[PDB]
Amino acid sequence: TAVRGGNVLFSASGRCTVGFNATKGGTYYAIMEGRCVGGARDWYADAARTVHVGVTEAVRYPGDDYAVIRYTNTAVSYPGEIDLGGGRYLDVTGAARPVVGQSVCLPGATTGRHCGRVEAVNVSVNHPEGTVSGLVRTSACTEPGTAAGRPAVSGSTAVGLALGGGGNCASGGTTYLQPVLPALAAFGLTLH
């Protein structure tokens, strides 16, 4: 019936979490992590891959680390919200220009480290696919095995989407984010 930020989409790449829904000209889009989307085209709302919802429009990875999925199923809703679980939703109003020290939370993290702060901006990391620059380091941590694409917010303001991989949150693991503002700007998308 609906796909929100924080929900998982399924494809030939496996599972990837929607960071944020956005819109342009009455069309709806999902902003996702770039490495996770990989070389997949078709995205489904269910693990059975019976409810097709959209297609990969663009991948900005490496360099950046996000992808844009265009929703094509007009029978499903794509609200400008994050799913907090339990039928509760967070309305995302706009995006932040990340600044060191600001608070940031990962709705859904069950690590005890769901909320934290921006520790550094403009961080680079080398992946097998290439260098990724422009990343945010946070003190929050979500389980790295399911982290890819999870939304990070400050109140109702979108900060970024989590990169997958890295260390366990119990062993000093650090969650890095792809900031959302550059993606909105690059693709003309608005958080509705």
# chains A, B, ... in the order shown; residues from 1 in each chain; ligands from 1
>>> closest_atom_pairs(of="region 130-171 of chain A", to="region 76-84 of chain A", cutoff="10 Å", atoms="only C-alpha atoms", output="JSON lines")
{"residue": "A:150", "atom": "CA", "partner": "A:82", "partner_atom": "CA", "distance": 9.8}
{"residue": "A:151", "atom": "CA", "partner": "A:82", "partner_atom": "CA", "distance": 7.8}
{"residue": "A:152", "atom": "CA", "partner": "A:82", "partner_atom": "CA", "distance": 9.9}
{"residue": "A:153", "atom": "CA", "partner": "A:82", "partner_atom": "CA", "distance": 9.6}
{"residue": "A:156", "atom": "CA", "partner": "A:81", "partner_atom": "CA", "distance": 9.2}
>>> closest_atom_pairs(of="region 57-151 of chain A", to="region 175-178 of chain A", cutoff="8 Å", atoms="only C-alpha atoms", output="CSV")
residue,atom,partner,partner_atom,distance
A:64,CA,A:178,CA,7.4
A:65,CA,A:178,CA,6.1
A:66,CA,A:178,CA,7.0
A:134,CA,A:178,CA,7.3
A:135,CA,A:178,CA,5.2
A:136,CA,A:177,CA,5.0
A:137,CA,A:176,CA,4.6
A:138,CA,A:175,CA,5.8
A:139,CA,A:175,CA,6.9
A:140,CA,A:175,CA,6.3
A:141,CA,A:175,CA,5.1
A:142,CA,A:175,CA,6.8
A:144,CA,A:175,CA,7.9
>>> select_by_dssp(residues="chain A", states="strand (DSSP E or B)", output="PyMOL selection string")
chain A and resi 2+5+8-11+14-24+27-33+42-44+52-60+63+66-71+77+81-85+88-91+94-95+103-105+115-127+130-138+151-154+157-162+175-179+190
>>> write_last_selection(atoms="C-alpha atoms", output="compact mmCIF listing (two decimals), in the first residue's frame")
# COMPACT_ATOMS: atom_id res chain seq x y z
CA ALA A 2 2.84 2.43 0.76
CA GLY A 5 11.86 5.91 4.23
CA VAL A 8 13.20 -2.19 2.43
CA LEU A 9 12.92 -2.74 -1.33
CA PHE A 10 13.96 -5.98 -3.01
CA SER A 11 15.76 -6.66 -6.26
CA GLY A 14 19.21 -8.26 -2.62
CA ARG A 15 17.64 -5.93 -0.06
CA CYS A 16 18.21 -2.16 0.04
CA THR A 17 16.62 0.33 2.43
CA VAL A 18 14.91 3.48 1.19
CA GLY A 19 16.53 6.51 2.77
CA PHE A 20 13.99 9.13 1.76
CA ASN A 21 11.14 9.54 -0.67
CA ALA A 22 11.13 12.71 -2.75
CA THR A 23 9.22 14.23 -5.64
CA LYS A 24 9.63 16.21 -8.84
CA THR A 27 6.59 11.84 -9.99
CA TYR A 28 7.92 10.11 -6.89
CA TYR A 29 11.44 8.83 -6.20
CA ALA A 30 13.41 6.93 -3.59
CA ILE A 31 16.94 7.97 -2.60
CA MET A 32 18.94 4.85 -1.71
CA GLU A 33 22.55 3.89 -1.05
CA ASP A 42 13.64 -3.49 -10.99
CA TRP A 43 12.54 -2.93 -7.41
CA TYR A 44 9.79 -4.73 -5.49
CA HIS A 52 6.92 -4.13 -8.56
CA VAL A 53 7.22 -0.50 -7.52
CA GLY A 54 9.98 1.20 -9.51
CA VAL A 55 13.18 1.24 -11.53
CA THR A 56 16.68 2.53 -11.01
CA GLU A 57 16.97 5.95 -12.58
CA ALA A 58 20.60 6.77 -11.75
CA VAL A 59 23.52 5.52 -9.66
CA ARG A 60 26.00 8.04 -8.25
CA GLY A 63 32.48 9.49 -5.89
CA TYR A 66 23.61 7.21 -3.55
CA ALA A 67 21.15 6.07 -6.16
CA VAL A 68 17.81 7.39 -7.32
CA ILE A 69 14.91 5.01 -7.96
CA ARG A 70 11.89 6.30 -9.88
CA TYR A 71 8.62 4.86 -8.63
CA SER A 77 1.72 5.58 -2.07
CA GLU A 81 7.82 10.16 5.66
CA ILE A 82 9.93 7.66 7.53
CA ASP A 83 8.39 4.51 9.00
CA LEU A 84 9.17 4.46 12.72
CA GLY A 85 7.44 1.11 13.22
CA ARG A 88 4.01 5.66 13.54
CA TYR A 89 5.50 7.91 10.87
CA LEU A 90 7.89 10.88 10.87
CA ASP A 91 7.19 13.67 8.36
CA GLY A 94 13.60 19.35 4.36
CA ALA A 95 17.31 18.62 4.42
CA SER A 103 22.50 15.87 16.71
CA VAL A 104 21.49 13.04 14.40
CA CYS A 105 19.40 9.93 14.90
CA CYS A 115 21.07 8.89 18.43
CA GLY A 116 24.39 10.67 18.28
CA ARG A 117 26.16 13.61 16.73
CA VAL A 118 27.93 14.55 13.53
CA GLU A 119 31.60 13.97 14.37
CA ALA A 120 33.15 14.94 11.01
CA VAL A 121 32.12 16.16 7.55
CA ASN A 122 33.71 15.76 4.12
CA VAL A 123 35.15 12.31 4.92
CA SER A 124 36.57 10.09 2.20
CA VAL A 125 36.80 6.31 2.14
CA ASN A 126 38.25 3.99 -0.51
CA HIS A 127 35.94 1.17 -1.56
CA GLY A 130 36.60 3.61 -5.98
CA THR A 131 36.92 6.55 -3.64
CA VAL A 132 33.77 7.91 -2.01
CA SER A 133 34.10 11.49 -0.77
CA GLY A 134 31.82 13.97 1.00
CA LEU A 135 30.68 11.61 3.74
CA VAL A 136 29.49 12.40 7.26
CA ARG A 137 30.91 10.52 10.24
CA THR A 138 28.46 10.12 13.12
CA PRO A 151 17.74 7.28 7.07
CA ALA A 152 19.43 9.68 9.44
CA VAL A 153 17.50 12.72 10.63
CA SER A 154 17.74 15.67 13.03
CA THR A 157 15.20 17.33 8.90
CA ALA A 158 16.94 14.81 6.66
CA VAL A 159 20.68 14.50 7.17
CA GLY A 160 21.74 11.50 5.14
CA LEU A 161 21.56 7.76 4.51
CA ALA A 162 23.78 5.17 6.13
CA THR A 175 28.21 4.77 10.94
CA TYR A 176 29.01 7.00 7.96
CA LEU A 177 26.31 8.79 5.97
CA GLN A 178 25.89 9.96 2.43
CA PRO A 179 24.37 13.45 2.87
CA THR A 190 12.00 17.97 -3.06
>>> closest_residue(among="A:93, A:146, A:168, A:50", to="residue 7 (chain A)", atoms="only C-alpha atoms")
A:146
>>> atom_distance(atom1="CA of residue 26 (chain A)", atom2="CA of residue 3 (chain A)")
16.3 Å
>>> select_by_dssp(residues="region 3-123 of chain A", states="alpha helix (DSSP H)", output="PDB file with C-alpha atoms, in the first residue's frame")
ATOM      1  CA  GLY A  34      24.552   3.571  -4.257  1.00  0.00           C
ATOM      2  CA  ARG A  35      26.689   0.530  -3.512  1.00  0.00           C
ATOM      3  CA  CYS A  36      23.637  -1.503  -2.488  1.00  0.00           C
ATOM      4  CA  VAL A  37      21.657  -0.709  -5.631  1.00  0.00           C
TER       5      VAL A  37
END
>>> closest_residue(among="A:106, A:147, A:86, A:1", to="residue 167 (chain A)", atoms="only C-alpha atoms")
A:147
